[PDB]
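Visitor: If you scroll down you'll find the structure; I have some questions about it.
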There are 6 protein chains.
Amino acid sequence: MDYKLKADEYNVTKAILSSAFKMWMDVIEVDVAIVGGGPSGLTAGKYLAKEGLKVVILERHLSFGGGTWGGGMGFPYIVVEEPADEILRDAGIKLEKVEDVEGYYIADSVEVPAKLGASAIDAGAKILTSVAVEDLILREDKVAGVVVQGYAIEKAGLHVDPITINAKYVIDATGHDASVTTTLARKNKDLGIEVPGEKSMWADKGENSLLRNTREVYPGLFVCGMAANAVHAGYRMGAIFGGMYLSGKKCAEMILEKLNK
Amino acid sequence: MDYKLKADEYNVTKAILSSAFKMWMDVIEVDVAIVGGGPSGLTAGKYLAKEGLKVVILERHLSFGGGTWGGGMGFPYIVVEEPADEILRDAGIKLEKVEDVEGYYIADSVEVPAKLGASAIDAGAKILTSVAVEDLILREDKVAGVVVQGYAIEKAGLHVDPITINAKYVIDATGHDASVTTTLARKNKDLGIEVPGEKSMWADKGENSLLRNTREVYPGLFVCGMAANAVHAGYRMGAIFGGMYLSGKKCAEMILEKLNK
Amino acid sequence: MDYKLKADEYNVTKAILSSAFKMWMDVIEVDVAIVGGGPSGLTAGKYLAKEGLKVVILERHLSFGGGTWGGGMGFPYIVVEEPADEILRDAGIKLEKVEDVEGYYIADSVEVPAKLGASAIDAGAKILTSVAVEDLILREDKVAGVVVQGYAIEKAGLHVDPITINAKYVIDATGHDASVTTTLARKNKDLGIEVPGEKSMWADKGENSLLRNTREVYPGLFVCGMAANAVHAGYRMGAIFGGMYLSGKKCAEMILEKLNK
Amino acid sequence: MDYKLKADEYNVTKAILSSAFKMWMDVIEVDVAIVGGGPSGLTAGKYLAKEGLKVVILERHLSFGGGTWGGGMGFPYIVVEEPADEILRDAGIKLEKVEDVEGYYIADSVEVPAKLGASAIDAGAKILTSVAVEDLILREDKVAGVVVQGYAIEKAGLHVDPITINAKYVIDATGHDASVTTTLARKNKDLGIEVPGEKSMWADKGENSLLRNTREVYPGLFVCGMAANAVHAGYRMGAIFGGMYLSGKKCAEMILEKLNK
Amino acid sequence: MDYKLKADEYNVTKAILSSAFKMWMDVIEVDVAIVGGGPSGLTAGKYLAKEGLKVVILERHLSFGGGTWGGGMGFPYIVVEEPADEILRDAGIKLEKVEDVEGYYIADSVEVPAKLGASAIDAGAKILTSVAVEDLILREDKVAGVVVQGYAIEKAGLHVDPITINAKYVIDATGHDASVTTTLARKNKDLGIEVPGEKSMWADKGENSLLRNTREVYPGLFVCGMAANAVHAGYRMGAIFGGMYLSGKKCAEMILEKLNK
Amino acid sequence: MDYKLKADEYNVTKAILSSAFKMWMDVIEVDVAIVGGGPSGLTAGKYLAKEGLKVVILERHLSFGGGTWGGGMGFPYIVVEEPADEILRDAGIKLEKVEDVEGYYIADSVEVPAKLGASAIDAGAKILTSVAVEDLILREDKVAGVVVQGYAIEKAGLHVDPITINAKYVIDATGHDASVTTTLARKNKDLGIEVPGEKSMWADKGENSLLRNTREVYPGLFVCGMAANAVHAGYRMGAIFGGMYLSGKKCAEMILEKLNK
Ligand SMILES: Nc1ncnc2c1ncn2[C@@H]1O[C@H](COP(=O)(O)OP(=O)(O)OC[C@@H](O)[C@@H](O)C(=O)CO)[C@@H](O)[C@H]1O
Ligand SMILES: Nc1ncnc2c1ncn2[C@@H]1O[C@H](COP(=O)(O)OP(=O)(O)OC[C@@H](O)[C@@H](O)C(=O)CO)[C@@H](O)[C@H]1O
Ligand SMILES: Nc1ncnc2c1ncn2[C@@H]1O[C@H](COP(=O)(O)OP(=O)(O)OC[C@@H](O)[C@@H](O)C(=O)CO)[C@@H](O)[C@H]1O
Ligand SMILES: Nc1ncnc2c1ncn2[C@@H]1O[C@H](COP(=O)(O)OP(=O)(O)OC[C@@H](O)[C@@H](O)C(=O)CO)[C@@H](O)[C@H]1O
Ligand SMILES: Nc1ncnc2c1ncn2[C@@H]1O[C@H](COP(=O)(O)OP(=O)(O)OC[C@@H](O)[C@@H](O)C(=O)CO)[C@@H](O)[C@H]1O
Ligand SMILES: Nc1ncnc2c1ncn2[C@@H]1O[C@H](COP(=O)(O)OP(=O)(O)OC[C@@H](O)[C@@H](O)C(=O)CO)[C@@H](O)[C@H]1O
Ligand code: NA
Ligand code: NA
Ligand code: NA
Ligand SMILES: [Tb+3]
Ligand SMILES: [Tb+3]
Ligand SMILES: [Tb+3]
Ligand SMILES: [Tb+3]
Ligand SMILES: [Tb+3]
Ligand SMILES: [Tb+3]
Ligand SMILES: [Tb+3]
Ligand SMILES: [Tb+3]
Ligand SMILES: [Tb+3]
Ligand SMILES: [Tb+3]
Ligand SMILES: [Tb+3]
Ligand SMILES: [Tb+3]
Ligand SMILES: [Tb+3]
Ligand SMILES: [Tb+3]
Ligand SMILES: [Tb+3]
Ligand SMILES: [Tb+3]
Ligand SMILES: [Tb+3]
Ligand SMILES: [Tb+3]
Ligand SMILES: [Tb+3]
Ligand SMILES: [Tb+3]
Ligand SMILES: [Tb+3]
Ligand SMILES: [Tb+3]
Ligand SMILES: [Tb+3]
Ligand SMILES: [Tb+3]
Ligand SMILES: [Tb+3]
Ligand SMILES: [Tb+3]
Ligand SMILES: [Tb+3]
Ligand SMILES: [Tb+3]
Ligand SMILES: [Tb+3]
Ligand SMILES: [Tb+3]
Ligand SMILES: [Tb+3]
Ligand SMILES: [Tb+3]
Ligand SMILES: [Tb+3]
Ligand SMILES: [Tb+3]
Ligand SMILES: [Tb+3]
Ligand SMILES: [Tb+3]
Ligand SMILES: [Tb+3]
Ligand SMILES: [Tb+3]
Ligand SMILES: [Tb+3]
Ligand SMILES: [Tb+3]
Ligand SMILES: [Tb+3]
Ligand SMILES: [Tb+3]
Ligand SMILES: [Tb+3]
Ligand SMILES: [Tb+3]
Ligand SMILES: [Tb+3]
Ligand SMILES: [Tb+3]
Ligand SMILES: [Tb+3]
Ligand SMILES: [Tb+3]
Ligand SMILES: [Tb+3]
Ligand SMILES: [Tb+3]
Ligand SMILES: [Tb+3]
Ligand SMILES: [Tb+3]
Ligand SMILES: [Tb+3]
Ligand SMILES: [Tb+3]
Ligand SMILES: [Tb+3]
Ligand SMILES: [Tb+3]
Ligand SMILES: [Tb+3]
Ligand SMILES: [Tb+3]
Ligand SMILES: [Tb+3]
Ligand SMILES: [Tb+3]
């Protein structure tokens, strides 16, 4: 059975433009602006939106997921350890027990980002891709939002002004580059912020410092995921993501306590 | 609650390599190999796997979704017309009615790919990203599989041999480039296959020729989505995706009839 | 034992220049000039030099080996089927029997090129790397040598004249690109030579046409390895190399009969 | 005589994947991980494997050999001085006496890497090419392994997690870049390691400091070859390789004494 | 002797602009416009200017000389056979007799372009570098000049209009690319001009067809040097330049007869 | 009259290789090695060779001349002031008086490099193009030569060892980059050499400091031309070259006094 389909150019374009502009008018003021659509950023966004907060996750690339897609050296699987596996189970991700290691679970590296993103959207978080955060909005002794630019404009090297998103809290979940905190420190030397970068690999120590390092680095700016270890010179952990998920959830919980919600 | 996490380097690497190995040993022989992880490819894979077939969706880029992510000219929304809207609802995608056009629905362009991919995986389809199909496996008067290469190896220009995936049917769901059918035609001139490419834009005619053009172009090779209009010189339709979803579902139904008769 | 080493700059440079000079004066006239330092080219060179012929193997890249190094899709192993396995054993390559397929042997993809090249050198063949063959030397109704250029000069796009190597026979062992035969055909339209290129993958038919296709395409110019299937529109076979080795050995045997009759 | 060859796609792919995964499962834990497949790295690997140690040589490029291939300024010959010429003789490399200088020997720059690599493989060392070491595994006051990434993934700029290789000792044989020691020093400022880089050319002094500079720079991390002079600000020696070979052999001997084997 | 030098910015800039302006006003109408500052172009320009004609040599690159500089494969020497050696001696170039080949002379590949250019300038020819000829000026059944563009503008890809140079005769001395004749043929299909390109290498036949091929291909457009063999499908000859010099001199003699009859 | 020309491939290649190797054997030991084939380097080479010294000028690009070719902002003329105009007159360069300024002369920017290079060659200096000086040869408290690499090898990024040229004195005439002195200072921090770079433009002061700044910066290493002002933080002078020529001649005179010749 082949259906006669209703299609045109004018109403499709008009519908897309109307929805996109209504969307933009609503996103320019949020409770939390999460920079980076990776495992920790998608987790923080889900747990904040889950509680009724107005949240936007900003991802530079056209698609979200960060460094999960490729797994380990291209082998498409990632490891999660207890109790962080419960966060992936909550997103409907299929997990298998690693035989020689109690507490280790393995998941398809392509299934994880897709389901974590879908779960954040279902919790009420807005995910905007192809949007690069190039700077922050400042106020006296605090961060008050982010400065966004189109990824294509940035990549094409065009000299164009950005637009802004006002937020009560900003989360730097940009990975080992800690690009948001690094930009804040580089452009505002008077603040005395230093981003030493991650140390070499030591999974045991790297995973067990992420939660301690997930905190407010400057008023209004939180750091989570690998960016937390990059800002506090913590070790790397490899293709094990338990700490990334727990770091994102802790970040949400810390901001919820500050907003009393 | 303080979390003492179990983490190391050796067992994480071993677990990833073992799972990836077991996966590769299973995926080298499938019932259907779908080339392209776009809207039509993800739909065809879901409806084929839903019926118990062994299916693999091969996507060149690190993430799937194809041309959905960006919406229309960067505006992050896409249109779907009835009855294709039901396919998106089956994947749990949130749809809004377009004001003034009965039959039109609009969806967040970032939510669609994430949920379509998650739905295909839940139906039992395997999605492999970062894998480029560079050629086909031939037999007397038929296609019998695909020749795959790592996307990074291809992009880096390294001279490396590929590996193969045997399949009863191959689906070219690579979009307007119809790369699979074009490669078959270019390397095997004796077959007399021609890929004229898509015509200019005419949404009404473009959308209503996709189902008619979704067919077996060469024994063992089916074409669906925008690749069907590229192979049969059909018009383009823009950011309206109803035909892409229905074309993928029709493709699955056509292959299911062949394999169950 | 403490080592007091004799070292300077002048005598090291002088020794290198003298040896390179003496080498170039000898290599400008050879019996056979093999273009391509891949599996078939290295085999043809070994079996020709083994019989006392003056042979030179010209490779574009800094190192030889061609497409063997990477194995299959980066997995560092390659397959060889009997009786071609004997050619690899003659070079001292370690082979393992494939479980479940009688006649199949597997070898480390890094060990093969190193040992095939060392075996060709020990047989008396000269291997020159970083040398690109950009054209052929012609005579009435025959090829009489090759036109060589430095790979760095070619890559840098510098406008520099090449030098030449006179040869009784030239072997195009450049792989699927069949660059030597393609250049001959493109620059000399009057000869009526056509290079259709390889067909799609079909290992069974592809491997069993290589020997038939290993022949003299134009007087003085032989084709072997994957270039033979590219010139005669044969199928591809993937990471199985038995035919490549046997094609190189057959090429050497065919030229030896011509030069000893 | 043309043989009917047994060939297919499925069993070739399956055999390659099985061998590659059995290989990867074995390489993730070694006695020594040598970074760099150049003259000193290939020598150190040969002399360690020769004594029964489990060794892996990791090379970034598709082929090993480092800076030997090109000889001096493209002239394809390299010089070796006594007693280092015995190391090349042990690999079966053909040497000629330099006439004006007693103690100097010259060799074909293409024959050296091929035979040094074949000799290391025959001694029992595993050589993995197309593998970039991007970081180290650390423990309290020591290096405990390497962090590896696919060269194509690294070159393609893909954001993908690496995998690891546990080792009792790591050898930085990456040449004048001393990339392993430089990464350790750059990412772990708390260790106080400095990599000044090589000084200008002075063959006499450069060659006679290599052995003194071949040592353990940090517990578990040895440096050899030009990397030894780069880490200790030693002079360059040019296309004379005696010190590179003796440095690699000394490195092996020093590690064998520490492992008591 | 201490030197007190007179220097400023204003008068230096003013002097350069005034001279360049006066120069451009004079060069926009010439008797002959030679395209290409290579061996044949520099020779044709010298012999035309020597007879009192107003001549301009237009070279795309910042410096003239073409493919002489690099000699053969980077070896900085070029061969000239009698009687063309006399043309180089007339320019003051030092020549050495080739041992064992009577009639062959060898010259420093860096000395040749410098002296040929200086000789053309001393004969009265104007050489303009960094000027690309992108098209021709046409009239009924004839070429009447050239369309010039700045090489930097062309290289930078800027969309800028060119300027023109009116000439009684134009010489295509652009080498094997025969860019001027190829542009004329490509943009004016109605003229029926074909540029097959050079054939493979055959020095004996290639050198002995250059003079025969040095002729008027279209009224007002002459072809000389390697461009003459490219337009008439002649063979290549390598690093022997006798024919290039004699072809340039013949071209000048042919144009002089036309302009004095 | 068209002559029957003697031409072949073998003897042309043999003649070029023989001359190039005889040349290389002679150039590896010189009295002075001049780095940079610009106005000051070509002048210094001419005046040193004029006195019977064995001199080699090494230029990175395929052609010499440096920044003279383009004149001022592409306007093809350069200014020379008294008494430096006599140096250009000695090379046979045609000069015109600048009308408003007594002491200023203007010359064709294309005629200058060609004639300065031809004059240096006629004085007995050897000019090698396409040769990059990447480092220096050191001895106790002195520079003893240069480390050379092929420009194409350097540009192509190939990992290849260089060769050397022993010299009593080295001249850094590389322009405002002062690449030779900068490399010496960067690689040998123990020497305490600093290269601040040129200051902004001030022709009067820039031209009148060049001679004072033309001196021996480190034993065996002289600096001349703009490199002299770059090493001593002198001002720029623009398209006026009087100081460049006088600086090169002074450099020659200073070295002749040290060599007592
Ligand atoms: N300035 C920016 N604006 C917007 N997005 C940005 C910006 N900078 C980075 N991003 C984007 O943020 C995302 C961060 O995802 P990413 O996956 O890098 O960070 P993560 O959530 O902490 O997880 C890190 C692990 O993948 C890995 O490091 C590991 O060791 C395993 O545990 C990536 O997808 C970037 O494209
Ligand atoms: N050789 C290949 N191997 C693997 N993947 C491939 C190959 N060639 C293409 N792909 C991948 O296939 C996917 C194709 O997805 P794509 O979204 O382009 O195709 P589609 O499912 O038919 O939908 C088309 C619409 O987006 C759009 O065209 C439209 O409606 C306007 O008229 C993209 O994600 C490619 O990266
Ligand atoms: N013009 C040239 N001059 C010099 N070298 C050249 C030129 N063109 C190519 N080469 C060099 O020639 C070598 C060819 O080696 P290559 O390995 O590609 O050819 P082969 O010996 O027939 O073996 C082919 C298989 O690897 C593979 O195709 C297969 O089995 C799948 O069907 C490569 O190393 C090139 O760099
Ligand atoms: N991070 C990395 N991971 C893996 N491989 C690497 C990495 N960094 C470098 N390599 C690879 O390591 C290899 C080092 O080989 P290389 O030849 O550079 O080092 P070497 O053994 O000390 O010998 C140095 C001489 O060639 C030369 O400098 C000289 O003066 C003559 O004596 C090269 O082939 C690199 O590609
Ligand atoms: N459209 C253009 N406008 C201006 N200059 C141009 C244009 N196209 C080419 N040129 C310039 O013209 C010059 C041509 O010099 P070229 O040296 O290439 O031509 P030639 O004078 O005939 O001598 C050819 C030999 O070098 C060589 O081919 C040989 O003997 C082997 O068979 C080169 O310097 C180009 O940059
Ligand atoms: N490492 C190197 N090896 C070889 N050649 C080199 C190297 N570095 C630079 N060169 C080459 O050296 C040449 C230097 O020529 P350059 O013209 O730059 O130096 P110069 O003789 O002092 O004259 C400077 C003026 O052109 C200009 O600055 C000015 O203000 C007017 O007076 C240039 O042609 C480079 O390509
Ligand atoms: Na298969
Ligand atoms: Na004009
Ligand atoms: Na020759
Ligand atoms: Tb119908
Ligand atoms: Tb508000
Ligand atoms: Tb709600
Ligand atoms: Tb527990
Ligand atoms: Tb345990
Ligand atoms: Tb328990
Ligand atoms: Tb507040
Ligand atoms: Tb980064
Ligand atoms: Tb940094
Ligand atoms: Tb602790
Ligand atoms: Tb609390
Ligand atoms: Tb089966
Ligand atoms: Tb459903
Ligand atoms: Tb309507
Ligand atoms: Tb309605
Ligand atoms: Tb379930
Ligand atoms: Tb069937
Ligand atoms: Tb495309
Ligand atoms: Tb119709
Ligand atoms: Tb039906
Ligand atoms: Tb002969
Ligand atoms: Tb044998
Ligand atoms: Tb069977
Ligand atoms: Tb058996
Ligand atoms: Tb022997
Ligand atoms: Tb014959
Ligand atoms: Tb190719
Ligand atoms: Tb048949
Ligand atoms: Tb026979
Ligand atoms: Tb037969
Ligand atoms: Tb163990
Ligand atoms: Tb053993
Ligand atoms: Tb001794
Ligand atoms: Tb001595
Ligand atoms: Tb002795
Ligand atoms: Tb211990
Ligand atoms: Tb480097
Ligand atoms: Tb550095
Ligand atoms: Tb000492
Ligand atoms: Tb001891
Ligand atoms: Tb007029
Ligand atoms: Tb004369
Ligand atoms: Tb003769
Ligand atoms: Tb004679
Ligand atoms: Tb005069
Ligand atoms: Tb007329
Ligand atoms: Tb060209
Ligand atoms: Tb004839
Ligand atoms: Tb006549
Ligand atoms: Tb005649
Ligand atoms: Tb001496
Ligand atoms: Tb003299
Ligand atoms: Tb005066
Ligand atoms: Tb004044
Ligand atoms: Tb006066
Ligand atoms: Tb002295
Ligand atoms: Tb510079
Ligand atoms: Tb600087
Ligand atoms: Tb003063
Ligand atoms: Tb004095």
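FYI, nothing fancy with the structure tokens labels: chains A, B, ... in order, residues from 1 per chain, ligands from 1 as they appear.
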Please identify all polymer residues within 7 Å of residue 104 in chain E, counting only C-alpha atoms, omitting same-chain residues fewer than 6 positions from it, and present them as a CSV table (one decimal) with C-alpha atoms, in the first residue's frame.
Guide:
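Below is the file that was written, around-v9.csv:
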```csv
chain,number,residue,atom,x,y,z
E,79,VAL,CA,72.5,19.0,-21.0
E,80,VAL,CA,72.6,20.9,-24.3
E,81,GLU,CA,73.6,19.3,-27.6
E,82,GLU,CA,75.2,21.1,-30.5
E,97,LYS,CA,82.1,18.9,-22.7
E,98,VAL,CA,80.5,15.6,-21.8
```
Visitor: Once you count only C-alpha atoms, which residues of chain D turn out to be within 12 Å of chain E? Could you give them as a ChimeraX atom specification?
Guide: /D:73-75
Visitor: Name the residues of range 39-170 of chain D that fall into strand (DSSP E) according to DSSP on the backbone, using the chain letters and numbers of this document, as a PyMOL selection string.
Guide: chain D and resi 55-58+77-81+96-97+104-108+126-128+131-139+142-150+163-170
Visitor: May I have the residues within 12 Å of ligand 66, computed using only C-alpha atoms and all ligand atoms, as a ChimeraX atom specification?
Guide: /F:66-67,174-180,182,197-198,226-227,230
Visitor: Throw together the list of residues within 10 Å of ligand 50, counting only C-alpha atoms and all ligand atoms, and drop it here as a ChimeraX atom specification.
Guide: /E:28-31,166-168
Visitor: Give me, as a PDB file with C-alpha atoms, in the first residue's frame, the set of residues whose atoms come within 9 Å of any atom of ligand 20, counting only C-alpha atoms and all ligand atoms.
Guide:
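File produced: result-v7.pdb:
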```pdb
ATOM      1  CA  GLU A 253      22.448  17.365  42.648  1.00  0.00           C
ATOM      2  CA  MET A 254      24.846  20.157  43.722  1.00  0.00           C
ATOM      3  CA  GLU A 257      20.680  22.176  46.243  1.00  0.00           C
TER       4      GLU A 257
END
```
Visitor: Tell me, as a list in words, which residues lie within 8 Å of residue 64 in chain A, counting only C-alpha atoms; anything in the same chain fewer than 4 positions away does not count.
Guide: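 Here the answer would be residues 37, 38, 59, 113, 117 and 129 of chain A.
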Visitor: Hey, can you spit out that residue selection with N, CA and C atoms as a PDB file, in the first residue's frame?
Guide:
```
ATOM      1  N   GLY A  37      27.923  17.917  24.990  1.00  0.00           N
ATOM      2  CA  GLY A  37      26.906  16.878  24.920  1.00  0.00           C
ATOM      3  C   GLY A  37      27.489  15.485  25.062  1.00  0.00           C
ATOM      4  N   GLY A  38      28.484  15.339  25.933  1.00  0.00           N
ATOM      5  CA  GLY A  38      29.119  14.054  26.187  1.00  0.00           C
ATOM      6  C   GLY A  38      28.431  13.297  27.306  1.00  0.00           C
ATOM      7  N   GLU A  59      26.058  21.576  22.292  1.00  0.00           N
ATOM      8  CA  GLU A  59      27.087  20.734  21.691  1.00  0.00           C
ATOM      9  C   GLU A  59      27.624  21.369  20.408  1.00  0.00           C
ATOM     10  N   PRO A 113      25.386   6.716  23.682  1.00  0.00           N
ATOM     11  CA  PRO A 113      25.073   8.123  23.391  1.00  0.00           C
ATOM     12  C   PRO A 113      23.644   8.362  22.914  1.00  0.00           C
ATOM     13  N   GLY A 117      21.111  10.596  25.297  1.00  0.00           N
ATOM     14  CA  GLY A 117      20.560  11.815  24.718  1.00  0.00           C
ATOM     15  C   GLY A 117      19.049  11.772  24.692  1.00  0.00           C
ATOM     16  N   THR A 129      22.595  21.156  18.985  1.00  0.00           N
ATOM     17  CA  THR A 129      23.870  20.751  18.399  1.00  0.00           C
ATOM     18  C   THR A 129      24.302  21.808  17.403  1.00  0.00           C
TER      19      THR A 129
END
```
Visitor: Neighbours of ligand 25 at 12 Å or closer, counting only C-alpha atoms and all ligand atoms: which residues, as a PyMOL selection string?
Guide: (chain A and resi 89-95) or (chain B and resi 119+121-124)
Visitor: Please return as a PyMOL selection string the residues found within 9 Å of ligand 63, counting only C-alpha atoms and all ligand atoms.
Guide: (chain E and resi 6+8) or (chain F and resi 101-102)
Visitor: Please identify all polymer residues within 6 Å of range 213-223 of chain E, counting only C-alpha atoms, omitting same-chain residues fewer than 3 positions from it, and present them as an mmCIF file with N, CA, C and O atoms, in the first residue's frame.
Guide:
```cif
data_model
loop_
_atom_site.group_PDB
_atom_site.id
_atom_site.type_symbol
_atom_site.label_atom_id
_atom_site.label_comp_id
_atom_site.auth_asym_id
_atom_site.auth_seq_id
_atom_site.Cartn_x
_atom_site.Cartn_y
_atom_site.Cartn_z
ATOM 1 N N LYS E 142 41.705 35.728 -35.517
ATOM 2 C CA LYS E 142 43.064 35.940 -35.014
ATOM 3 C C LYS E 142 43.128 36.253 -33.520
ATOM 4 O O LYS E 142 42.151 36.703 -32.936
ATOM 5 N N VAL E 143 44.300 36.019 -32.911
ATOM 6 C CA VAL E 143 44.558 36.338 -31.507
ATOM 7 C C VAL E 143 45.178 37.736 -31.587
ATOM 8 O O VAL E 143 45.974 37.992 -32.491
ATOM 9 N N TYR E 169 51.560 39.584 -32.029
ATOM 10 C CA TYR E 169 51.742 38.137 -31.934
ATOM 11 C C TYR E 169 51.887 37.701 -30.489
ATOM 12 O O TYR E 169 52.453 38.420 -29.677
ATOM 13 N N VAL E 170 51.370 36.514 -30.173
ATOM 14 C CA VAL E 170 51.457 35.942 -28.834
ATOM 15 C C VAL E 170 52.209 34.635 -28.984
ATOM 16 O O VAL E 170 51.999 33.924 -29.963
ATOM 17 N N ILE E 171 53.095 34.317 -28.038
ATOM 18 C CA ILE E 171 53.840 33.062 -28.091
ATOM 19 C C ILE E 171 53.465 32.235 -26.885
ATOM 20 O O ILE E 171 53.559 32.714 -25.757
ATOM 21 N N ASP E 172 53.042 30.993 -27.111
ATOM 22 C CA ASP E 172 52.727 30.100 -26.015
ATOM 23 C C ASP E 172 54.014 29.325 -25.746
ATOM 24 O O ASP E 172 54.359 28.417 -26.504
ATOM 25 N N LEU E 210 60.475 19.185 -32.347
ATOM 26 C CA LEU E 210 60.250 20.517 -31.781
ATOM 27 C C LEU E 210 60.280 21.634 -32.807
ATOM 28 O O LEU E 210 59.413 22.501 -32.769
ATOM 29 N N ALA E 228 55.021 23.256 -27.971
ATOM 30 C CA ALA E 228 54.879 22.857 -29.375
ATOM 31 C C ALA E 228 54.672 21.344 -29.484
ATOM 32 O O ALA E 228 53.868 20.895 -30.296
#
```
Visitor: Find the residues around range 235-238 of chain A up to 10 Å (only C-alpha atoms counted), leave out those fewer than 6 positions away in its own chain, and share them as a count of residues only.
Guide: 38
Visitor: Using only C-alpha atoms and all ligand atoms, which protein or nucleic acid residues are at most 12 Å from ligand 29, as a PyMOL selection string?
Guide: (chain A and resi 1-2) or (chain B and resi 215+250-258+260-261)
Visitor: Could the residues in this selection be saved with N, CA and C atoms as an mmCIF file, in the first residue's frame?
Guide:
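The resulting file, selection35.cif, is reproduced below:
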```cif
data_model
loop_
_atom_site.group_PDB
_atom_site.id
_atom_site.type_symbol
_atom_site.label_atom_id
_atom_site.label_comp_id
_atom_site.auth_asym_id
_atom_site.auth_seq_id
_atom_site.Cartn_x
_atom_site.Cartn_y
_atom_site.Cartn_z
ATOM 1 N N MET A 1 0.833 -1.199 0.000
ATOM 2 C CA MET A 1 0.000 0.000 0.000
ATOM 3 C C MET A 1 0.873 1.257 0.000
ATOM 4 N N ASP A 2 0.804 2.047 -1.086
ATOM 5 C CA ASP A 2 1.570 3.286 -1.232
ATOM 6 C C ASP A 2 0.600 4.444 -1.070
ATOM 7 N N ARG B 215 13.061 -0.116 -4.687
ATOM 8 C CA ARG B 215 12.988 -1.429 -5.308
ATOM 9 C C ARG B 215 14.361 -2.058 -5.439
ATOM 10 N N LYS B 250 8.960 0.236 3.587
ATOM 11 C CA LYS B 250 8.573 -0.534 2.394
ATOM 12 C C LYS B 250 9.717 -1.459 2.004
ATOM 13 N N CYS B 251 10.948 -0.947 2.049
ATOM 14 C CA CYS B 251 12.131 -1.736 1.712
ATOM 15 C C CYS B 251 12.211 -2.981 2.592
ATOM 16 N N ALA B 252 11.982 -2.815 3.903
ATOM 17 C CA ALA B 252 12.007 -3.928 4.850
ATOM 18 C C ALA B 252 10.926 -4.947 4.481
ATOM 19 N N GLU B 253 9.698 -4.464 4.206
ATOM 20 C CA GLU B 253 8.568 -5.317 3.830
ATOM 21 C C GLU B 253 8.847 -6.092 2.540
ATOM 22 N N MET B 254 9.491 -5.456 1.548
ATOM 23 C CA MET B 254 9.815 -6.116 0.282
ATOM 24 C C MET B 254 10.833 -7.230 0.491
ATOM 25 N N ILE B 255 11.856 -6.989 1.329
ATOM 26 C CA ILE B 255 12.883 -8.000 1.600
ATOM 27 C C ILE B 255 12.290 -9.136 2.428
ATOM 28 N N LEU B 256 11.403 -8.818 3.384
ATOM 29 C CA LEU B 256 10.776 -9.841 4.222
ATOM 30 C C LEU B 256 9.950 -10.799 3.376
ATOM 31 N N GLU B 257 9.271 -10.295 2.332
ATOM 32 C CA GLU B 257 8.462 -11.146 1.465
ATOM 33 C C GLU B 257 9.366 -12.077 0.680
ATOM 34 N N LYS B 258 10.505 -11.570 0.215
ATOM 35 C CA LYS B 258 11.449 -12.374 -0.549
ATOM 36 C C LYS B 258 12.032 -13.486 0.324
ATOM 37 N N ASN B 260 10.698 -14.846 2.997
ATOM 38 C CA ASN B 260 9.685 -15.736 3.571
ATOM 39 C C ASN B 260 8.807 -16.350 2.495
ATOM 40 N N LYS B 261 9.325 -16.479 1.272
ATOM 41 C CA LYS B 261 8.563 -17.057 0.172
ATOM 42 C C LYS B 261 9.441 -18.047 -0.584
#
```
